Amino acid sequence: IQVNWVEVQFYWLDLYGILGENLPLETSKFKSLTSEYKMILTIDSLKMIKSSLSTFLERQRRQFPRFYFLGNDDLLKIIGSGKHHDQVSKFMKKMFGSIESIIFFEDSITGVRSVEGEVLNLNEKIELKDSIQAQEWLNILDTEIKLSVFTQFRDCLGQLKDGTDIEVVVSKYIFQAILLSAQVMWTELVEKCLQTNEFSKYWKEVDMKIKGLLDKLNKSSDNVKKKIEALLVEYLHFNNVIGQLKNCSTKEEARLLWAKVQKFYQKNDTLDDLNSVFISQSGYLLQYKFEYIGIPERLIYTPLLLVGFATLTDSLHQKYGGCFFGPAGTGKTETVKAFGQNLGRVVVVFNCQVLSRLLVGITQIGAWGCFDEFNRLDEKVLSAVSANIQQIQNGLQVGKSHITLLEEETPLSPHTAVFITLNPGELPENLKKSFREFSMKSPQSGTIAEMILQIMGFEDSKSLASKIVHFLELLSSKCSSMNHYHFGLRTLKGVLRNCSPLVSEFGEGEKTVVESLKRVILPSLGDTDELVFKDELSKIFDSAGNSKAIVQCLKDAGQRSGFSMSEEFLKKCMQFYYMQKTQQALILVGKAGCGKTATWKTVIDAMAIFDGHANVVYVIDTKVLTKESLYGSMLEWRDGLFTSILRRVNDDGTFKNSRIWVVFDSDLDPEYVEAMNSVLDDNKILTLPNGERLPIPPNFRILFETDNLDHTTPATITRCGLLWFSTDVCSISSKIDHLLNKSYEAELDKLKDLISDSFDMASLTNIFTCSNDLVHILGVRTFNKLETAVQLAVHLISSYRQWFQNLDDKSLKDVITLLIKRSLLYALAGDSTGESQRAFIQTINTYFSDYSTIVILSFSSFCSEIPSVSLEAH
Amino acid sequence: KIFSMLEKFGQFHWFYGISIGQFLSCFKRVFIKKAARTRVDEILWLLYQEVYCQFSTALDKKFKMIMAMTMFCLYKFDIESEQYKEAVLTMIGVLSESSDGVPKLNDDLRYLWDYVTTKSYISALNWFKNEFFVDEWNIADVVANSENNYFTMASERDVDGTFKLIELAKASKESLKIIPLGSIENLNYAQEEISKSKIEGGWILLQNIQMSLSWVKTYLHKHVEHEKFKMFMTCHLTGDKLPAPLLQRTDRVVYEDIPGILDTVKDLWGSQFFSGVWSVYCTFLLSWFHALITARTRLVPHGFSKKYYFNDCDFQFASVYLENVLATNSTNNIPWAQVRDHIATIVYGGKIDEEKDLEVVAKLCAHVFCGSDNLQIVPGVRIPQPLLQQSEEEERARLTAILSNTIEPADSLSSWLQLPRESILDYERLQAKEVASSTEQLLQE
Amino acid sequence: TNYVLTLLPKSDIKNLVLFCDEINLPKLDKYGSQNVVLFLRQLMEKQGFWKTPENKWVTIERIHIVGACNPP
Ligand SMILES: Nc1ncnc2c1ncn2[C@@H]1O[C@H](COP(=O)(O)OP(=O)(O)OP(=O)(O)O)[C@@H](O)[C@H]1O
Ligand SMILES: Nc1ncnc2c1ncn2[C@@H]1O[C@H](COP(=O)(O)OP(=O)(O)O)[C@@H](O)[C@H]1O
């Protein structure tokens, strides 16, 4: 009963950390059972007590509502560390959404780190003690971070009202405060210009401002780079708004354009911190929550984005919930998140019991909770969730302060708003009675591409953006629409993101755009699609298209490995190498025997020879190991093999300097890639069931090798790089030559010379073409049959090598011809009926017996060795 | 033959099913209700009239017309001669754009020829109802001549029968209890209300059970002689499928919408009460715009691209936006361009996806919300701009007068909607072609 | 067989042959793929397999695979 004793000990120590070190019937039953266990199954009684003690757990969970989002096990693990002050700041990103870790100096809270690691200077320190509970100092930290955000907002407003330049303030305060300060300064200057009829002076001022910010962006390294481009997106938005107002003919048109765009305001009469800044869109008023959200990317301020923002403002003015529906890829959830990050609130994204819990948490904290793919729910859970959201909404319009959900008294926040997006391919009646549906159109990708290229500083922006969007539209129109063909906004943003690593060696201009567009789009197409892509790239782009070392190492590795350097093989190898140079997540697509394992092994060996880096290969198949064997289940805890190799590469000196490569050489099941959804993106963190966050080295490159993509989501196609094998990368004689080299490695010179001389391509091509017209049971290609033909021939020669030194050359040639004929008969057409075997004999004889063989040696027959068996009746 | 045709009607749609016992009770109603030189022809004609007068109300307008004219066709197949059949089939073929021919010359056929050569399909097709059938039953006649107490008045979208139900409740001297459905507290409230009213009496209305089909399946099937107790289960024709045993045990009633546009404006203005003069003027203009866009909504193949549903939430949103625009303006100068863009884009053009309907709505807003001195929203009425030296009450009186002054002509759908008449003629021709094709499909089998 | 990480047949002279009758008879999973034939493919192509409870690599040396299945 070792496992039972371990479980009882774990239960005892966990409940000690919960209640024994802290201070009726349930506690008395626990103390009696603990005394009985110490004197001496009680584990089931302890589980029943924990089920009965969930009401106290729920009360403690509802004491501070930030902790409500986490599960029961994570919450009790957090609560159990009530004196050690450990693990609280490690896995707290689930309750805040944008804060990863907390730094503490001299047992006092003084800083907060964002989702990427942005260090923030808190205004007031927080005392820490073992008697202080987690909820109290968590609330203190929340109040402190809100106060710090507000006082940095005040400092930014003071320094901008003092007339100081912005290049000295962009590098020391938080991005939210300078965001609000820039927006307030812009709306004040444009309103003071709206009291008159001039716009040129502040337009030139903001033009010089965006020039200075572009120069600082070119001089910034990483964090300042992200901050400056995030500010520079809305600085181009301000320039666009002022330029649009410049061309207005009358006062009424200028007033329309100014009321349509977002306007920012603050109140100089009130004294409260969290409710002193309000934004106004098309007349209505929304209050700024003053919450830290880290430094996420800013959506490019499309006019349709402002239309959608006006739609959410109209929906939230009367406490209605905004609703979106339209084709996938138009950016609906990104629009909702942009509204949240612009107005200053984190939005808890739902990937739609647990849904009801997240719903009541988001309606009891007052933050916003959005939805995605609302139509994929099962009917019962859809009805329950719809009833829950409609009843909390009906509580919201009615002005109720508390609502009863799941037989608990949950207070209703006066700031809760819930949004739902749809992907039709609909909204129920109860929800449509209380929502405001809006239809997102196709977003203007030209404006997005132009502004993104203006961040990247390319010398041609508008013409380049128009050219690339027209080129993507023409590829969408003029290609075979298969499952994995995406030519919309996601691939455009991927190409514009992948243009960054090539600009330092290729220079800013059109050629970097052409090179990255090739390296992204070209390796995911077929053959006629490749021809159409090449023709369109030559026609629409001026650039029509120093790699001696990598190609030479590739040729050397392929020649020493026995492979042949076919031109399609060389092209596919170069595309794979240039595509793994930047993108980490790659898949391999192609039929059986297309040359995928060979091409990645060739490029890995060439890379090891060229760069000098060590390579460790972990081949694995997805479908031969179950879910628990690959990841790990809670019985105690057992580690899966993938988690085992991550554990031995993270916890481990050789692995740091070595590139560990893992390949998943099987079909892409949706479950395993859904479990891989947390590492294929930019997060790069395994989500273990127990909550362990195993790190991943940047050299850990994931690969997939799958023939069929009918059972894979299009999101994985967009997120991970796709390599396509439309044609075989080998000639047939390459297959025979590599197979012969491998078999020789597994009068010998005369024997191999005669073996090589027995294979002539001019007649082999004709006999293969003739044999391809035969009927094969469980039919496979001849390209897949030479694999056993060559091995059978070499094994027969190696078996008969013992008596190959006392016969003439003509007899040896006859033996060679007979054995090659036997191998070709038994492998190429050795899977058909005997009548078709006789037809094969006639065809191969007219192009150059049925049971002819060699019997120990002479050209004997099988008819002289059959035994007439003697059988008895029983 | 009639029950076979009604069986095809039942297999067409989930709400158009008919029971055998309903047919037998309707046939007994023929003898309950108390000549062609005999008695059996009188019994047959009274059978046809009674089955029309009873089972017309369980269909919408198009199925009412096809069933009426199919019953007329069977009766005239039985009674009249071969040349009569040839003429009737010729008109059915020319109404379906299948066979073109001339009648083989009964002045009723002459009026039918004069109707169809004038391209008046609606009158030539209501000729059957106006000639053959002399009795028609409304909802009051159904509720006054039904021993069953459970009613399923399922009305299609944009058509609301609750007002007529409560008006009939006053007419029957009874207070209805409107019950919303969807929330569990309202589920328990509805259960308590029906438990009280099933023993104490009193009418009760159940509405919007579309999200509560789960509760309906779990409760009403197990749930199914008290005076003045008649519960109504208001459903929707375009909604999800009601349970079949519940439909077999309940009467089926379909409601029809008001054909006018002026009455919609009058109802919206009566439902609106309050706030300056310009706010009242904007509310009046917005009510006219909402009635115009709701009228143009129903013309599906020509007026718009597809069916839409502009309920009262959009009217409330637009009214609140107009109130906020007029209130937050200290210059008392209404920015008509901004409110035009916001009405055509966000409020009413929100759920509209394709660009042509958005352009249609923007054109309608430009025609209505222009805010000129001479505002001719329709050719019938002229609206002058309000003055400054008055109050709200005399403006309310003037606007009530200018609603009472105008009248709705018969060509309102072509004149008040700014739509060409040839599109209306093609829409009516397509409707006549569809109903003639379906009735010839029913007649050939 | 016996374990020595190499998998060794009990017969020190004779090659062990793994019979597999009715290869078509195992059923595909919920996402259009089989599992035991993929295990056999890994055994005959990668010349080994990965152990599930210990997460260790075990190679094969002289065990062959035969089949006997009807046409589909
Ligand atoms: N010149 C050559 N180039 C590439 N492969 C060659 C050449 N000559 C022979 N081959 C053989 O072709 C095979 C191609 O295998 P490939 O990578 O296409 O695997 P696959 O059938 O797709 O595998 P899986 O089904 O396991 O995913 C190599 O394993 C090798 O034995
Ligand atoms: N206004 C915009 N500016 C910049 N990028 C946008 C904009 N709208 C959408 N996008 C991009 O389009 C991509 C696709 O969005 P998607 O995830 O399909 O939204 P949804 O899931 O709601 O359909 C997003 O990655 C986003 O970066």
# chains A, B, ... in the order shown; residues from 1 in each chain; ligands from 1
>>> residues_around(residues="region 187-196 of chain B", least_positions_apart="3", cutoff="9 Å", atoms="only C-alpha atoms", output="count of residues only")
15
>>> residues_around(residues="residue 61 (chain C)", least_positions_apart="5", cutoff="8 Å", atoms="only C-alpha atoms", output="list in words")
residues 6, 7, 8 and 47 of chain C
>>> closest_atom_pairs(of="chain C", to="ligand 1", cutoff="9 Å", atoms="only C-alpha atoms and all ligand atoms", output="tab-separated table")
residue	atom	partner	partner_atom_place_in_ligand_line	distance
C:38	CA	ligand 1	26 (O)	8.9
C:41	CA	ligand 1	26 (O)	7.7
C:42	CA	ligand 1	26 (O)	7.9
C:45	CA	ligand 1	26 (O)	7.8
>>> select_by_dssp(residues="region 20-63 of chain C", states="alpha helix (DSSP H)", output="PyMOL selection string")
chain C and resi 36-45
>>> write_last_selection(atoms="N, CA, C and O atoms", output="PDB file, in the first residue's frame")
ATOM      1  N   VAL C  36      -1.864  -0.033 -35.063  1.00  0.00           N
ATOM      2  CA  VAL C  36      -0.963  -1.180 -35.010  1.00  0.00           C
ATOM      3  C   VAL C  36      -0.158  -1.310 -36.299  1.00  0.00           C
ATOM      4  O   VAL C  36       1.001  -1.742 -36.270  1.00  0.00           O
ATOM      5  N   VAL C  37      -0.734  -0.932 -37.444  1.00  0.00           N
ATOM      6  CA  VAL C  37       0.042  -0.965 -38.677  1.00  0.00           C
ATOM      7  C   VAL C  37       1.094   0.138 -38.675  1.00  0.00           C
ATOM      8  O   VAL C  37       2.180  -0.034 -39.239  1.00  0.00           O
ATOM      9  N   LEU C  38       0.822   1.264 -38.008  1.00  0.00           N
ATOM     10  CA  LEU C  38       1.848   2.286 -37.843  1.00  0.00           C
ATOM     11  C   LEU C  38       2.950   1.814 -36.905  1.00  0.00           C
ATOM     12  O   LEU C  38       4.126   2.133 -37.120  1.00  0.00           O
ATOM     13  N   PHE C  39       2.591   1.045 -35.873  1.00  0.00           N
ATOM     14  CA  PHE C  39       3.601   0.449 -35.002  1.00  0.00           C
ATOM     15  C   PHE C  39       4.470  -0.545 -35.763  1.00  0.00           C
ATOM     16  O   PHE C  39       5.692  -0.581 -35.579  1.00  0.00           O
ATOM     17  N   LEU C  40       3.855  -1.355 -36.628  1.00  0.00           N
ATOM     18  CA  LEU C  40       4.619  -2.281 -37.459  1.00  0.00           C
ATOM     19  C   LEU C  40       5.512  -1.536 -38.446  1.00  0.00           C
ATOM     20  O   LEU C  40       6.641  -1.966 -38.716  1.00  0.00           O
ATOM     21  N   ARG C  41       5.018  -0.422 -38.994  1.00  0.00           N
ATOM     22  CA  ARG C  41       5.825   0.402 -39.888  1.00  0.00           C
ATOM     23  C   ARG C  41       7.034   0.982 -39.165  1.00  0.00           C
ATOM     24  O   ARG C  41       8.139   1.015 -39.718  1.00  0.00           O
ATOM     25  N   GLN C  42       6.842   1.441 -37.927  1.00  0.00           N
ATOM     26  CA  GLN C  42       7.970   1.924 -37.136  1.00  0.00           C
ATOM     27  C   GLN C  42       8.937   0.796 -36.803  1.00  0.00           C
ATOM     28  O   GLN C  42      10.155   1.006 -36.761  1.00  0.00           O
ATOM     29  N   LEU C  43       8.412  -0.408 -36.560  1.00  0.00           N
ATOM     30  CA  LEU C  43       9.267  -1.534 -36.202  1.00  0.00           C
ATOM     31  C   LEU C  43      10.116  -1.984 -37.386  1.00  0.00           C
ATOM     32  O   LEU C  43      11.277  -2.371 -37.209  1.00  0.00           O
ATOM     33  N   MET C  44       9.559  -1.950 -38.596  1.00  0.00           N
ATOM     34  CA  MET C  44      10.293  -2.428 -39.763  1.00  0.00           C
ATOM     35  C   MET C  44      11.069  -1.334 -40.485  1.00  0.00           C
ATOM     36  O   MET C  44      11.967  -1.654 -41.273  1.00  0.00           O
ATOM     37  N   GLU C  45      10.761  -0.060 -40.242  1.00  0.00           N
ATOM     38  CA  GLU C  45      11.442   1.045 -40.906  1.00  0.00           C
ATOM     39  C   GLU C  45      12.501   1.690 -40.023  1.00  0.00           C
ATOM     40  O   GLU C  45      13.653   1.834 -40.440  1.00  0.00           O
TER      41      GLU C  45
END
>>> residues_near_ligand(ligand="ligand 2", cutoff="7 Å", atoms="only C-alpha atoms and all ligand atoms", output="NGL selection string")
:A and (299-302 or 305 or 328-335 or 372 or 421 or 443 or 448 or 489-490 or 493)
>>> write_last_selection(atoms="C-alpha atoms", output="CSV table (one decimal), in the first residue's frame")
chain,number,residue,atom,x,y,z
A,299,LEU,CA,-4.1,46.9,-34.9
A,300,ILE,CA,-3.7,49.2,-37.9
A,301,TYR,CA,-6.4,51.9,-37.7
A,302,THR,CA,-8.5,51.0,-40.6
A,305,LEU,CA,-12.0,49.4,-37.4
A,328,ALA,CA,-13.5,34.0,-41.1
A,329,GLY,CA,-10.3,36.0,-41.5
A,330,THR,CA,-11.9,39.5,-41.3
A,331,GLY,CA,-10.5,40.2,-37.8
A,332,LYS,CA,-13.5,40.3,-35.4
A,333,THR,CA,-11.9,39.1,-32.2
A,334,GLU,CA,-8.9,41.1,-33.0
A,335,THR,CA,-11.2,44.2,-33.4
A,372,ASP,CA,-14.9,33.1,-30.7
A,421,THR,CA,-18.3,36.8,-32.3
A,443,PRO,CA,-10.9,44.7,-44.1
A,448,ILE,CA,-2.8,47.9,-43.3
A,489,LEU,CA,-4.7,39.0,-44.3
A,490,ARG,CA,-2.9,36.3,-42.2
A,493,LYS,CA,1.0,39.8,-42.1
>>> closest_atom_pairs(of="chain B", to="chain A", cutoff="9 Å", atoms="only C-alpha atoms", output="tab-separated table")
residue	atom	partner	partner_atom	distance
B:181	CA	A:430	CA	9.0
B:182	CA	A:387	CA	6.8
B:183	CA	A:387	CA	6.4
B:184	CA	A:387	CA	8.5
B:208	CA	A:429	CA	8.5
B:210	CA	A:429	CA	6.6
B:211	CA	A:430	CA	5.9
B:212	CA	A:383	CA	9.0
B:214	CA	A:383	CA	8.8
B:239	CA	A:429	CA	8.8
B:313	CA	A:433	CA	8.2
B:314	CA	A:436	CA	8.7
B:317	CA	A:314	CA	8.1
B:321	CA	A:283	CA	8.3
B:324	CA	A:283	CA	7.0
B:325	CA	A:283	CA	7.0
B:328	CA	A:283	CA	7.7
B:335	CA	A:252	CA	7.3
B:337	CA	A:256	CA	7.2
B:338	CA	A:256	CA	5.4
B:341	CA	A:256	CA	8.8
B:342	CA	A:282	CA	8.4
B:345	CA	A:307	CA	8.3
B:346	CA	A:311	CA	6.1
B:347	CA	A:311	CA	8.2
B:349	CA	A:438	CA	8.5
B:350	CA	A:438	CA	4.8
B:351	CA	A:438	CA	4.9
B:352	CA	A:439	CA	6.7
B:353	CA	A:439	CA	5.5
B:354	CA	A:441	CA	8.5
>>> closest_residue(among="C:13, C:23, C:51, C:2", to="chain A", atoms="only C-alpha atoms")
C:51
>>> atom_distance(atom1="CA of residue 81 (chain A)", atom2="CA of residue 145 (chain A)")
22.6 Å
>>> decode(residues="region 135-161 of chain A", atoms="C-alpha atoms", output="short mmCIF file (atom, residue, chain, number, x, y, z; two decimals), in the first residue's frame")
data_model
loop_
_atom_site.label_atom_id
_atom_site.label_comp_id
_atom_site.auth_asym_id
_atom_site.auth_seq_id
_atom_site.Cartn_x
_atom_site.Cartn_y
_atom_site.Cartn_z
CA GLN A 135 -5.80 37.92 -1.07
CA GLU A 136 -4.85 40.99 0.99
CA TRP A 137 -1.48 41.60 -0.67
CA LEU A 138 -2.99 40.69 -4.05
CA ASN A 139 -5.59 43.45 -3.59
CA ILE A 140 -2.79 45.75 -2.41
CA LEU A 141 -0.82 44.94 -5.58
CA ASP A 142 -3.88 45.61 -7.76
CA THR A 143 -4.51 48.99 -6.11
CA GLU A 144 -0.79 49.80 -6.32
CA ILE A 145 -0.50 48.99 -10.03
CA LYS A 146 -3.62 51.04 -10.83
CA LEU A 147 -2.23 53.95 -8.78
CA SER A 148 1.15 53.64 -10.53
CA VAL A 149 -0.51 53.67 -13.96
CA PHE A 150 -2.53 56.77 -13.00
CA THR A 151 0.46 58.64 -11.56
CA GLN A 152 2.55 57.85 -14.64
CA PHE A 153 -0.36 59.16 -16.71
CA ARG A 154 -0.24 62.34 -14.61
CA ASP A 155 3.54 62.61 -15.08
CA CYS A 156 3.22 62.18 -18.85
CA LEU A 157 0.48 64.82 -19.01
CA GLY A 158 2.58 67.23 -16.95
CA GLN A 159 5.69 66.73 -19.07
CA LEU A 160 3.71 67.12 -22.31
CA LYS A 161 1.97 70.26 -21.01
#
